[PDB]
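Asks: Take a look at the following structure, please.
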Amino acid sequence: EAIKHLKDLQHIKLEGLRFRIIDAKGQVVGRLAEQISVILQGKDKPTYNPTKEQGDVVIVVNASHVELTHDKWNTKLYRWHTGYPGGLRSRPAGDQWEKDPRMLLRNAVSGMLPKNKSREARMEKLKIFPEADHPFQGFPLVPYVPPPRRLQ
Amino acid sequence: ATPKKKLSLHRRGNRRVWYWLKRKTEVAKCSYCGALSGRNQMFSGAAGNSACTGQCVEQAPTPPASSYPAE
Amino acid sequence: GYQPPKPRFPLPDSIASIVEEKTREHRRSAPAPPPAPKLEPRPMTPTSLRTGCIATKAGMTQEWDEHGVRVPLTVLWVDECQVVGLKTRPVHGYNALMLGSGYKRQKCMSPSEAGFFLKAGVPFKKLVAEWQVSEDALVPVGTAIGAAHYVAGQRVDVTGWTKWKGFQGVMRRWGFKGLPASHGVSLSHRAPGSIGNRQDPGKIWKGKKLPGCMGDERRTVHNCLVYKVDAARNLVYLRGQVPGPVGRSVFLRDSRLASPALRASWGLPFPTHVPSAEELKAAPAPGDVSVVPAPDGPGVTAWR
Amino acid sequence: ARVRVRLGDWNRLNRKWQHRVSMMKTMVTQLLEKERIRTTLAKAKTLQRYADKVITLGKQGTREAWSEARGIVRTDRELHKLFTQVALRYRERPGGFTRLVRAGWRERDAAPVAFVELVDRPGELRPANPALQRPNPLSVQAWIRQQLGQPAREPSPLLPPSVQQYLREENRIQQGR
Amino acid sequence: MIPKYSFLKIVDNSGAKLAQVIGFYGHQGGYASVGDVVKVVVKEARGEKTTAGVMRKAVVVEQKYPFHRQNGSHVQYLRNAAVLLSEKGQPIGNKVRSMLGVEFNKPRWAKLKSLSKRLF
Amino acid sequence: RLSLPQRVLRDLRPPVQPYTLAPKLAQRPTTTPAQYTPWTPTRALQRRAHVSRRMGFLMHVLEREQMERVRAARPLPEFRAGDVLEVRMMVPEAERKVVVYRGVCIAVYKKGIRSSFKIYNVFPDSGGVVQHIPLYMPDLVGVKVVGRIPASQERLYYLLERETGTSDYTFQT
RNA sequence: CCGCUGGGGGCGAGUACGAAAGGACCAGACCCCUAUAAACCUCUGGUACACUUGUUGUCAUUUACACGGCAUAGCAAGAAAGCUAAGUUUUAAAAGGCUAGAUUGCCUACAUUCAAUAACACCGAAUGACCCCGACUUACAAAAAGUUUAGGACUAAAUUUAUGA
RNA sequence: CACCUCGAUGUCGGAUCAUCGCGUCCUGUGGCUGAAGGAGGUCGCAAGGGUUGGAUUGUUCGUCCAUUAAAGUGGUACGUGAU
Ligand SMILES: [Mg+2]
Ligand SMILES: [Mg+2]
Ligand SMILES: [Mg+2]
Ligand SMILES: [Mg+2]
Ligand SMILES: [Mg+2]
Ligand SMILES: [Mg+2]
Ligand SMILES: [Mg+2]
Ligand SMILES: [Mg+2]
Ligand SMILES: [Zn+2]
């Protein structure tokens with residue numbers, strides 16, 4: 001992590017926004033992805049404009065405390081094509097965790113954003129970290145705790 | 001083997017990029033007569049240069065030689 | 001051939017003070033680079049990878065073994081191959097040895113590349129390459145990797161760039177068969193034939209074999225034997241063919257295809273051939289020929 | 001389709017080989033009749049190689065060389081010039097009897113044009129270099145040429161003083177038979 | 001190189017002056033070469049017991065293509081000939097005729113080293 | 001601050017033979033001797049030249065080194081391509097047993113360690129069996145010449161369809 | 001992201017089995033072949049049209065000596081480079097290739113000439129230059145190497161018109 | 001059936017070159033075996049790459065010559081004439 005703490009501090013995006021930190025301990029990937037999508041679009045702001053791309057810098061820690069309920073570790077797949085004949089590639093969720101474990105929440109947030117050309121800028125602002133610390137230690141960052149889970 | 005529609009002015013301009021010529025980055029200029037050519041080419045009076053005054057070659061002395069002229 | 005690189009929005013809303021202090025305290029707290037390796041002969045760990053070599057193809061010749069069989073032998077030449085750069089796990093992400101070969105004059109090289117050799121203190125090489133190596137295989141900068149790095153009977157994986165042939169059709173590039181010379185075939189004796197399959201595919205596949213400029217392609221010949229090593233003259237005598245024309249440099253490495261981790265009992269010196277008595281060796285001068293080893297093999301004419 | 005340039009061989013010059021050899025024979029005859037001719041680069045390079053071959057054949061001075069040049073060289077006014085003036089002029093030159101200077105492009109087809117001329121003549125465009133360069137016997141080259149088997153190869157007049165003591169003799173004339 | 005549907009002169013006194021190769025036993029899908037056994041069909045008889053039109057087994061003893069050896073030498077024969085064989089890997093002929101019977105052979109063909117006039 | 005000559009500059013050592021201009025060890029022909037070895041210099045100390053104008057010379061010297069080594073190991077008679085030859089050849093397929101061959105040689109096929117010849121013998125019983133032999137193979141013991149037949153042509157491939165009766169040199173059975 | 005690792009027969013075994021004829025699973029490894037794929041010209045061959053030899057007709061030839069033109073390169077035979085296969089090597093777990101690339105390092109970098117299709121040559125050269133071309137030698141290269149700055153890549157002086165190129 | 005093209009649009013063949021599915025002919029394999037291992041019959045997984053000759057018919061139909069481990073069946077406007 002000698003240079004990984006350096007590269008994540010290199011910012012391409014606009015920075016008039018607010019930084020958010022979310023602990024993903026015990027959170028279901030779908031509901032956390034819904035809340036992260038709402039924060040990323042900037043619709044938690046009274047000054048929201050559909051044309052203007054505001055939002056928040058969402059930082060997620062503990063990406064491997066994230067669970068997939070009802071045997072979706074072996075049955076949920078991730079499929080794409082290569083453009084070549086026979087190019088269907090389907091990866092299971094356990095193999096997706098064993099390849100890159102932050103991609104579960106990454107793809108879940110990607111499927112919930114609006115499908116336009118502002119999606120690249122919104123997916124920049126989602127920074128998902130597997131372990132419990134992030135490079136933005138000294139930053140002024142405001143925590144987003146979700147509403148309590150016990151509706152059931 | 002036949003165009004199905006008419007080419008637009010923008011598409012025609014994009015297709016015609018191969019037809020354009022590259023500018024040359026060097027030129028050999030004679031200070032007297034103002035002639036212009038490549039640095040590897042003679043452009044004096046022996047070649048085509050009606051403006052040549054001979055000042056392009058500044059020294060040529062070779063008087064002595066001896067041989068059998070075949071007649 | 002690159003994507004549109006960087007929007008690069010400059011304004012940080014004054015969070016730049018935190019990022020600049022974080023970067024200053026990040027470079028200053030990173031560990032000091034490990035010391036110069038200084039290698040002498042080392043043990044043979046079974047899961048340990050050795051370096052490679054940049055050798056020059058010099059053509060093919062004829063030799064006969066003691067059993068009396070002709071062997072097609074190409075000859076390679078090691079052109080003062082040295083270690084130029086080094087990469088290791090603490091300071092770089094990987095552990096590699098950077099090799100250089102040949103020589104070029106100062107006026108014949110770009111100033112950006114000549115500066116790298118002048119800082120390293122090595123002569124100006126004409127080719128620079130690198131190989132992945134283990135932690136115990138890091139040989140210091142300036143160390144020669146000659147023919148003595150390899151042994152007779154060893155199997156190597158030679159990597160070469162093929163001969164340029166120009167643009168050719170599908171008859172000799174993909175080896176396709178054409179149409180008959182004289183049965184009514186009209187202007188199609190070397191046609192590729194059907195390429196798509198009608199409306200249902202509706203397109204040509206992304207990997208379709210069509211005529212193109214083949215040539216200069218990095219093809220590797222796997223698991224080829226080493227028949228003779230001349231340490232004094234830097235010559236290795238592989239058996240079989242090597243891709244590329246004569247005079248182009250090729251790459252060599254121990255064959256990872258035949259890898260039981262035993263290295264098949266080949267007598268390989270692990271870090272390199274660490275030379276004892278490097279003194280009393282002549283420079284390019286009136287030297288002579290030296291002695292070489294060779295493998296034998298059993299029963300080439302066991303029966304008829 | 002056979003590779004001629006890139007694999008050192010004769011140019012094809014867009015012609016069949018019998019036409020090609022006849023055109024080169026005509027051009028070498030023209031090159032020695034008028035000592036500077038102007039042509040396209042490909043014919044100019046081919047003419048330079050052919051001129052070296054023909055001039056050395058004239059330098060041999062033998063009867064077989066005359067017989068071979070009699071078919072190669074057309075004029076006969078210039079067969080005499082090749083065997084006498086050109087042979088005496090380049091008697092000690094180790095090749096390179098011709099220079100090439102590029103002269104731009106021609107109007108009819110925009111083909112590159114080169115001037116091809118014989119060196120070491122009154123009316124040439126660059127000073128020649130001497131074919132030989134008398135050696136200092138007090139330098140490294142002379143000692144390398146003494147330890148190794150090299151001749152002296154000094155510059156010489158047409159008849160050196162080493163034949164003067166034979167030709168001075170009145171008993172070595174035979175009266176002209 | 002003996003391709004399929006070729007012709008060759010059987011040399012022994014088994015009763016076949018000529019035969020046509022109609023198949024190859026091994027996975028050799030290209031050509032046959034000296035020392036190989038192939039299925040041949042007798043087109044023309046010598047008038048004796050082996051009449052024309054039979055399908056027997058033959059081993060090729062010599063060919064007009066060069067036969068390369070490991071040392072680097074090769075043997076070139078001016079004829080393409082073969083010798084008939086039985087279902088026991090033995091020639092039905094009493095002796096391989098010396099008219100075209102010189103070959104290089106020591107692998108289990110010791111029975112063919114007595115039928116031939118001379119080896120090598 | 002600290003000027004010093006490096007270990008790379010310790011290649012400024014005295015030569016082994018103190019007065020040499022041509023390298024020696026060259027297996028090239030008699031005159032115009034080469035003034036550099038094609039293997040040792042590596043451009044560290046050399047009158048520079050292109051590679052593949054240096055590894056072609058390297059191929060020539062390596063071929064010649066083996067060729068005079070075999071020539072020292074056994075001598076051979078000087079012979080043309082139109083003469084009857086007898087070859088003492090040991091067969092590696094057999095237990096290295098020497099078998100004598102006799103035939104007219106129809107070619108001195110090549111030059112180098114890959115020099116070869118082709119001896120043609122019409123066996124009066126089995127017709128003509130021509131054999132190709134590498135001249136510098138270790139399986140040759142010696143050859144001698146007995147029969148001379150002068151021909152203008154250097155390759156006698158026209159004897160493949162001439163009178164087969166007058167090509168009888170060996171009928172071992 | 002592409003390619004993607006094919007088999008058969010022996011040896012294992014006259015075998016464990018099995019009254020007995022009748023003969024294996026293991027491919028685990030070694031020996032042969034054969035594909036497919038990737039190369040290479042070392043061997044063997046093919047071709048080789050400014051190479052060598054022989055020869056016919058005819059036109060030139062104050063010698064119907066030599067040489068030259070045309071007749072498919074007139075014909076026929078034999079060739080070296082280059083290309084090529086029918087030739088020669090290699091085809092394991094993952095190997096191997098292609099495109100983008102965090103990084104790291106470096107920077108005396110405007111890009112002209114050496115032949116109009118560099119594919120020779122950028123893993124080459126431009127005069128402190130053998131890069132190209134020519135000349136000389138080599139039958140133990142039926143010719144691709146070695147010497148050589150003769151010619152072209154221009155260029156400089158108060159210690160060499162200049163490298164031991 | 002006549003919904004689509006008659007301001008006319010290659011199918012009923014193979015020659016070359018392909019891609020995909022598995023209801024697997026082989027190679028890789030597991031169960032039941034009336035299972036002496038062989039040699040078979042099914043049944044379960046598996047589509048990586050292999051499926052050659054030509055004599056006869058305009059035949060994509062079919063044999064039968066004899067070789068292989070086998071001489072697979074289909075979607076491909078019963079693939080493929082701006083080749
Ligand atoms: Mg027509
Ligand atoms: Mg053409
Ligand atoms: Mg003609
Ligand atoms: Mg060759
Ligand atoms: Mg030739
Ligand atoms: Mg005429
Ligand atoms: Mg071609
Ligand atoms: Mg010059
Ligand atoms: Zn002027």
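How things are named: the first chain in the structure tokens is A, the next is B, and so on; residues count from 1 in each chain; ligands count from 1 in the order shown.
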Any idea what's packed within 10 Å of residue 48 in chain B, counting only C-alpha atoms (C1' of nucleotides), ignoring anything in its chain fewer than 2 positions away? Could you give it as a PyMOL selection string?
Replies: (chain B and resi 42-46+50-52) or (chain D and resi 103-106)
Asks: Using only C-alpha atoms (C1' of nucleotides) and all ligand atoms, find each protein or nucleic acid residue lying at most 9 Å from ligand 9; present the set as a PDB file with N, CA and C atoms, in the first residue's frame.
Replies:
ATOM      1  N   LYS B  29      18.589  26.969 -49.826  1.00  0.00           N
ATOM      2  CA  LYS B  29      18.371  28.238 -50.562  1.00  0.00           C
ATOM      3  C   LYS B  29      19.703  28.810 -51.033  1.00  0.00           C
ATOM      4  N   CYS B  30      19.804  29.164 -52.311  1.00  0.00           N
ATOM      5  CA  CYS B  30      21.030  29.850 -52.782  1.00  0.00           C
ATOM      6  C   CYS B  30      20.898  31.324 -52.387  1.00  0.00           C
ATOM      7  N   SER B  31      21.883  31.874 -51.674  1.00  0.00           N
ATOM      8  CA  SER B  31      21.834  33.288 -51.211  1.00  0.00           C
ATOM      9  C   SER B  31      21.823  34.242 -52.409  1.00  0.00           C
ATOM     10  N   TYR B  32      22.532  33.884 -53.478  1.00  0.00           N
ATOM     11  CA  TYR B  32      22.576  34.715 -54.705  1.00  0.00           C
ATOM     12  C   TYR B  32      21.685  34.013 -55.718  1.00  0.00           C
ATOM     13  N   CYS B  33      20.676  34.681 -56.295  1.00  0.00           N
ATOM     14  CA  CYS B  33      19.670  34.106 -57.254  1.00  0.00           C
ATOM     15  C   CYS B  33      18.439  33.589 -56.506  1.00  0.00           C
ATOM     16  N   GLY B  34      18.504  33.453 -55.181  1.00  0.00           N
ATOM     17  CA  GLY B  34      17.326  33.097 -54.365  1.00  0.00           C
ATOM     18  C   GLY B  34      16.677  31.780 -54.738  1.00  0.00           C
ATOM     19  N   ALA B  35      17.435  30.836 -55.290  1.00  0.00           N
ATOM     20  CA  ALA B  35      16.827  29.571 -55.750  1.00  0.00           C
ATOM     21  C   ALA B  35      16.502  28.675 -54.555  1.00  0.00           C
ATOM     22  N   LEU B  36      15.583  27.733 -54.729  1.00  0.00           N
ATOM     23  CA  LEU B  36      15.155  26.872 -53.603  1.00  0.00           C
ATOM     24  C   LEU B  36      15.111  25.425 -54.091  1.00  0.00           C
ATOM     25  N   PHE B  43      21.062  22.497 -58.113  1.00  0.00           N
ATOM     26  CA  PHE B  43      20.025  23.345 -58.744  1.00  0.00           C
ATOM     27  C   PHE B  43      20.679  24.551 -59.395  1.00  0.00           C
ATOM     28  N   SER B  44      21.910  24.379 -59.861  1.00  0.00           N
ATOM     29  CA  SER B  44      22.641  25.477 -60.530  1.00  0.00           C
ATOM     30  C   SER B  44      22.309  25.496 -62.021  1.00  0.00           C
ATOM     31  N   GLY B  45      23.090  26.207 -62.822  1.00  0.00           N
ATOM     32  CA  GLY B  45      22.796  26.380 -64.257  1.00  0.00           C
ATOM     33  C   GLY B  45      22.825  25.111 -65.080  1.00  0.00           C
ATOM     34  N   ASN B  49      18.167  26.183 -63.957  1.00  0.00           N
ATOM     35  CA  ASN B  49      18.187  27.425 -63.145  1.00  0.00           C
ATOM     36  C   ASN B  49      18.596  28.576 -64.043  1.00  0.00           C
ATOM     37  N   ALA B  51      18.247  31.614 -63.438  1.00  0.00           N
ATOM     38  CA  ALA B  51      18.618  32.768 -62.604  1.00  0.00           C
ATOM     39  C   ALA B  51      20.056  32.621 -62.103  1.00  0.00           C
ATOM     40  N   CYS B  52      20.741  31.539 -62.472  1.00  0.00           N
ATOM     41  CA  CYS B  52      22.096  31.273 -61.916  1.00  0.00           C
ATOM     42  C   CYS B  52      23.098  32.308 -62.420  1.00  0.00           C
ATOM     43  N   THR B  53      23.937  32.824 -61.520  1.00  0.00           N
ATOM     44  CA  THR B  53      24.989  33.787 -61.924  1.00  0.00           C
ATOM     45  C   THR B  53      26.368  33.162 -61.721  1.00  0.00           C
ATOM     46  N   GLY B  54      26.421  31.914 -61.259  1.00  0.00           N
ATOM     47  CA  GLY B  54      27.699  31.215 -61.035  1.00  0.00           C
ATOM     48  C   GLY B  54      28.273  31.489 -59.659  1.00  0.00           C
ATOM     49  N   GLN B  55      27.689  32.426 -58.913  1.00  0.00           N
ATOM     50  CA  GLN B  55      28.198  32.792 -57.567  1.00  0.00           C
ATOM     51  C   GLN B  55      27.865  31.678 -56.579  1.00  0.00           C
ATOM     52  N   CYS B  56      27.000  30.743 -56.974  1.00  0.00           N
ATOM     53  CA  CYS B  56      26.629  29.584 -56.117  1.00  0.00           C
ATOM     54  C   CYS B  56      27.878  28.735 -55.861  1.00  0.00           C
ATOM     55  N   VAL B  57      28.757  28.585 -56.862  1.00  0.00           N
ATOM     56  CA  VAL B  57      30.057  27.895 -56.650  1.00  0.00           C
ATOM     57  C   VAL B  57      31.096  28.991 -56.478  1.00  0.00           C
TER      58      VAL B  57
END
Asks: Hey, which residues sit close to ligand 2? Say within 12 Å, counting only C-alpha atoms (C1' of nucleotides) and all ligand atoms, and write them as an NGL selection string.
Replies: :D and (1-3 or 12 or 14)
Asks: Selected residues, N, CA, C and O atoms, written as a compact mmCIF listing (two decimals), in the first residue's frame, please.
Replies:
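Contents of part03.txt, as written:
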# COMPACT_ATOMS: atom_id res chain seq x y z
N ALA D 1 9.26 -10.08 -60.38
CA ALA D 1 8.86 -10.54 -59.03
C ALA D 1 10.08 -11.10 -58.31
O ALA D 1 9.98 -11.35 -57.10
N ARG D 2 11.17 -11.35 -59.04
CA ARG D 2 12.41 -11.76 -58.34
C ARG D 2 12.98 -10.51 -57.67
O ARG D 2 12.84 -9.40 -58.22
N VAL D 3 13.61 -10.69 -56.52
CA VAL D 3 14.07 -9.50 -55.74
C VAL D 3 15.44 -9.08 -56.25
O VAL D 3 16.38 -9.87 -56.15
N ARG D 12 15.92 -3.85 -62.94
CA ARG D 12 15.13 -4.31 -64.11
C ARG D 12 14.83 -3.15 -65.06
O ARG D 12 14.66 -3.43 -66.25
N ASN D 14 12.25 -1.50 -65.84
CA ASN D 14 10.99 -1.68 -66.61
C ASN D 14 11.24 -2.31 -67.99
O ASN D 14 10.51 -1.97 -68.93
Asks: Using only C-alpha atoms, find which residues of chain F lie within 7 Å of chain E and jot them down as a list in words.
Replies: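 Every residue meeting the condition is included here: residues 125, 126, 127, 128, 129, 130, 131, 132, 133, 134 and 173 of chain F.
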Asks: Taking only C-alpha atoms (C1' of nucleotides) and all ligand atoms into account, list the residues no farther than 10 Å from ligand 8, as a list in words.
Replies: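 What falls inside 10 Å of ligand 8 is residues 96, 99, 128 and 129 of chain D; 127, 129, 149, 150, 151, 152, 153 and 154 of chain G.
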Asks: Please return, as a list in words, all residues of chain H lying within 8 Å of chain C when only C-alpha atoms (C1' of nucleotides) are considered.
Replies: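 Putting it all together, I get residues 15, 16, 17, 18, 76, 77, 79, 80 and 83 of chain H.
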Asks: Dump as a list in words the residues of chain E that approach chain H to within 7 Å, counting only C-alpha atoms (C1' of nucleotides).
Replies: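 So the contacting residues turn out to be residues 23, 24 and 25 of chain E.
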Asks: I'd like the contact shell of residue 47 in chain E - 10 Å cut-off, only C-alpha atoms (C1' of nucleotides), skipping same-chain residues fewer than 4 positions apart - returned as a PyMOL selection string.
Replies: chain E and resi 15-17+51-52
Asks: Those residues you just picked out, can you put them in a file as a CSV table (one decimal), in the first residue's frame with C-alpha atoms?
Replies:
chain,number,residue,atom,x,y,z
E,15,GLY,CA,3.2,-64.2,-59.7
E,16,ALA,CA,2.7,-60.4,-59.9
E,17,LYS,CA,4.6,-58.1,-62.3
E,51,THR,CA,-3.8,-64.5,-61.5
E,52,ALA,CA,-4.6,-60.8,-62.2
Asks: Calculated over only C-alpha atoms (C1' of nucleotides) and all ligand atoms, which of the candidates G:20, G:80, G:53, G:66 has the smallest distance to ligand 4?
Replies: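 Going through G:20, G:80, G:53, G:66 one by one, the smallest distance to ligand 4 is for G:80.
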Asks: Write as a PyMOL selection string the residues around ligand 3, taking 12 Å as the cut-off and counting only C-alpha atoms (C1' of nucleotides) and all ligand atoms.
Replies: (chain D and resi 15-22) or (chain G and resi 49+69-74)
Asks: Can you spit out the residues from that selection as a PDB file, in the first residue's frame, using N, CA and C atoms (P, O5', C5', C4', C3', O3' and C1' of nucleotides)?
Replies:
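Everything below was put into result_37.pdb:
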ATOM      1  N   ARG D  15      12.235  -3.172 -68.117  1.00  0.00           N
ATOM      2  CA  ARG D  15      12.526  -3.692 -69.466  1.00  0.00           C
ATOM      3  C   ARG D  15      12.807  -5.182 -69.418  1.00  0.00           C
ATOM      4  N   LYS D  16      12.702  -5.832 -70.567  1.00  0.00           N
ATOM      5  CA  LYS D  16      13.120  -7.249 -70.645  1.00  0.00           C
ATOM      6  C   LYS D  16      14.644  -7.272 -70.579  1.00  0.00           C
ATOM      7  N   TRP D  17      15.230  -8.402 -70.212  1.00  0.00           N
ATOM      8  CA  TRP D  17      16.685  -8.423 -69.950  1.00  0.00           C
ATOM      9  C   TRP D  17      17.552  -8.162 -71.176  1.00  0.00           C
ATOM     10  N   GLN D  18      17.140  -8.631 -72.347  1.00  0.00           N
ATOM     11  CA  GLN D  18      17.918  -8.357 -73.574  1.00  0.00           C
ATOM     12  C   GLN D  18      17.850  -6.876 -73.935  1.00  0.00           C
ATOM     13  N   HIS D  19      16.678  -6.267 -73.790  1.00  0.00           N
ATOM     14  CA  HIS D  19      16.549  -4.801 -73.990  1.00  0.00           C
ATOM     15  C   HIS D  19      17.385  -4.086 -72.929  1.00  0.00           C
ATOM     16  N   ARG D  20      17.373  -4.590 -71.703  1.00  0.00           N
ATOM     17  CA  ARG D  20      18.098  -3.941 -70.593  1.00  0.00           C
ATOM     18  C   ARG D  20      19.610  -3.928 -70.837  1.00  0.00           C
ATOM     19  N   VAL D  21      20.169  -5.054 -71.259  1.00  0.00           N
ATOM     20  CA  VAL D  21      21.629  -5.123 -71.517  1.00  0.00           C
ATOM     21  C   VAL D  21      21.984  -4.253 -72.728  1.00  0.00           C
ATOM     22  N   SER D  22      21.143  -4.250 -73.757  1.00  0.00           N
ATOM     23  CA  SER D  22      21.411  -3.399 -74.940  1.00  0.00           C
ATOM     24  C   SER D  22      21.360  -1.914 -74.576  1.00  0.00           C
TER      25      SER D  22
ATOM     26  P     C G  49      18.128 -17.676 -64.376  1.00  0.00           P
ATOM     27  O5'   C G  49      17.625 -16.941 -65.690  1.00  0.00           O
ATOM     28  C5'   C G  49      18.525 -16.179 -66.480  1.00  0.00           C
ATOM     29  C4'   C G  49      17.866 -14.948 -67.043  1.00  0.00           C
ATOM     30  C3'   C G  49      17.357 -13.938 -66.013  1.00  0.00           C
ATOM     31  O3'   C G  49      17.651 -12.613 -66.445  1.00  0.00           O
ATOM     32  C1'   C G  49      15.594 -14.600 -67.452  1.00  0.00           C
ATOM     33  P     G G  69      24.132 -10.298 -77.924  1.00  0.00           P
ATOM     34  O5'   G G  69      23.114  -9.930 -79.085  1.00  0.00           O
ATOM     35  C5'   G G  69      22.663  -8.596 -79.244  1.00  0.00           C
ATOM     36  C4'   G G  69      21.762  -8.451 -80.440  1.00  0.00           C
ATOM     37  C3'   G G  69      20.592  -9.412 -80.516  1.00  0.00           C
ATOM     38  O3'   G G  69      19.502  -8.986 -79.721  1.00  0.00           O
ATOM     39  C1'   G G  69      21.657  -9.255 -82.635  1.00  0.00           C
ATOM     40  P     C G  70      18.687 -10.033 -78.824  1.00  0.00           P
ATOM     41  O5'   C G  70      17.738 -10.760 -79.863  1.00  0.00           O
ATOM     42  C5'   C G  70      16.842 -10.015 -80.666  1.00  0.00           C
ATOM     43  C4'   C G  70      16.291 -10.858 -81.781  1.00  0.00           C
ATOM     44  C3'   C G  70      15.743 -12.210 -81.371  1.00  0.00           C
ATOM     45  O3'   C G  70      14.419 -12.121 -80.880  1.00  0.00           O
ATOM     46  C1'   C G  70      17.118 -12.444 -83.285  1.00  0.00           C
ATOM     47  P     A G  71      13.876 -13.164 -79.790  1.00  0.00           P
ATOM     48  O5'   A G  71      13.716 -14.519 -80.601  1.00  0.00           O
ATOM     49  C5'   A G  71      12.692 -14.660 -81.570  1.00  0.00           C
ATOM     50  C4'   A G  71      12.889 -15.898 -82.404  1.00  0.00           C
ATOM     51  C3'   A G  71      12.902 -17.216 -81.653  1.00  0.00           C
ATOM     52  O3'   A G  71      11.589 -17.680 -81.393  1.00  0.00           O
ATOM     53  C1'   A G  71      14.683 -17.151 -83.224  1.00  0.00           C
ATOM     54  P     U G  72      11.247 -18.537 -80.080  1.00  0.00           P
ATOM     55  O5'   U G  72      11.597 -17.571 -78.864  1.00  0.00           O
ATOM     56  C5'   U G  72      10.675 -16.575 -78.428  1.00  0.00           C
ATOM     57  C4'   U G  72      10.226 -16.766 -76.993  1.00  0.00           C
ATOM     58  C3'   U G  72      11.324 -16.789 -75.929  1.00  0.00           C
ATOM     59  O3'   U G  72      10.822 -16.196 -74.733  1.00  0.00           O
ATOM     60  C1'   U G  72      10.084 -18.789 -75.818  1.00  0.00           C
ATOM     61  P     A G  73      11.317 -14.744 -74.264  1.00  0.00           P
ATOM     62  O5'   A G  73      12.888 -14.907 -74.077  1.00  0.00           O
ATOM     63  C5'   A G  73      13.431 -15.573 -72.943  1.00  0.00           C
ATOM     64  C4'   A G  73      14.932 -15.672 -73.041  1.00  0.00           C
ATOM     65  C3'   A G  73      15.457 -16.732 -74.010  1.00  0.00           C
ATOM     66  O3'   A G  73      16.620 -16.246 -74.674  1.00  0.00           O
ATOM     67  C1'   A G  73      16.345 -17.114 -71.865  1.00  0.00           C
ATOM     68  P     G G  74      16.597 -16.042 -76.264  1.00  0.00           P
ATOM     69  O5'   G G  74      16.096 -17.441 -76.819  1.00  0.00           O
ATOM     70  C5'   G G  74      14.904 -17.526 -77.584  1.00  0.00           C
ATOM     71  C4'   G G  74      14.888 -18.764 -78.438  1.00  0.00           C
ATOM     72  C3'   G G  74      15.116 -20.081 -77.721  1.00  0.00           C
ATOM     73  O3'   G G  74      13.953 -20.574 -77.079  1.00  0.00           O
ATOM     74  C1'   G G  74      16.462 -20.001 -79.646  1.00  0.00           C
TER      75        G G  74
END
Asks: I need the residue nearest ligand 4 from this list: F:112, F:154, F:64, F:94. Use only C-alpha atoms and all ligand atoms for the distance.
Replies: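 Closest to ligand 4, using only C-alpha atoms and all ligand atoms: F:112.
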Asks: Pull out every residue of chain C that has at least one atom within 8 Å of chain E, counting only C-alpha atoms, and report them as a list in words.
Replies: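 The selection requested is residues 64, 68, 69, 70, 303 and 304 of chain C.
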